[PDB]
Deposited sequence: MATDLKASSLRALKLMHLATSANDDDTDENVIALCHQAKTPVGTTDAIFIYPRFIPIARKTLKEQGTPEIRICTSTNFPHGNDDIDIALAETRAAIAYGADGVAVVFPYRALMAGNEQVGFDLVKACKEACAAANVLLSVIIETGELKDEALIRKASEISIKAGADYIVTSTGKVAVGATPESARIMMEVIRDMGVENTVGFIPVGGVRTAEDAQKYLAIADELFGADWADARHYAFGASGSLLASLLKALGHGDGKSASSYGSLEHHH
């Protein structure tokens, strides 16, 4: 568990636990990302806190820690104008990465077009600003393998730089099963170089993290899951469990 734990710590997007948030909590999160035995790849926070986070990260000597944030979140509504405006604002605040929630309920109702157009609009804005676009498909709500594959496919076709299981705000988050399905889509579409994978809302222990990294290594080889291709979107419990294991 030591090997997977250190690797997982470095791949974390250490996420706020707010629904809520304050400067004080975000500053604490920045400090927590500089762990006693390694530094996480990123933090994940609400957009309005990006400027204060950037300053905090610089002043503790870790300007390399990326700042990711959320849009169309957590509900994954259909409205592209709103999702796009939120994405443009996240970019203006200074985000390194934006995770947009796919309109998964629309897909569940049979509408494949809205998700394509919503992701594509957000990707165009992000790409222009050198911001990576993650797409959260909400596997715990989609539930069905065919729908999980379809949402992944549409997101990839529309330009997702990562596909992400979950918001962490619904009853069911990542499972090793949904992770496997999504990673198989990345392989089958031939986009393993351009699309990463992020489990959210199902990795709480070192033992969990080991299992998820094992899937990546099994499917793509041990060298694939670097920061550009893999992240753990998770909070303090996972981080504490990783540090304990270490």
{"query": "Missing CA stretches, deposited numbering from 1, N-terminus first", "finding": "1 to 4, 24, 252 to 269"}
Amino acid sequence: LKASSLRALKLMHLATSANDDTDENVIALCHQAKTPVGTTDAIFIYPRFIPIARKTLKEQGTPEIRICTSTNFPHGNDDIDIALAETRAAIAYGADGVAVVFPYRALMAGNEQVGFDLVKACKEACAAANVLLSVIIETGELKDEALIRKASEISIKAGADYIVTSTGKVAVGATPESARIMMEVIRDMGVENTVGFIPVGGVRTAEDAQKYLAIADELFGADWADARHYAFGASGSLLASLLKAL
From here on, numbers count along this sequence of modelled residues.
| property | result |
| --- | --- |
| Residue range whose averaged C-alpha B-factor is higher in the record, 154 to 162 or 138 to 146 | 138 to 146 |
| Mean C-alpha B-factor comparison - 62 to 70 and 192 to 200, higher one | 62 to 70 |
| Lowest, middle or highest third - CA B-factor, residue 11 | lowest |
| CA B-factor ranking of residue 42, expressed as a third of its chain | lowest |
| Ranked against its chain, the third holding the CA B-factor of residue 18 | highest |
| Lowest, middle or highest third - CA B-factor, residue 231 | lowest |
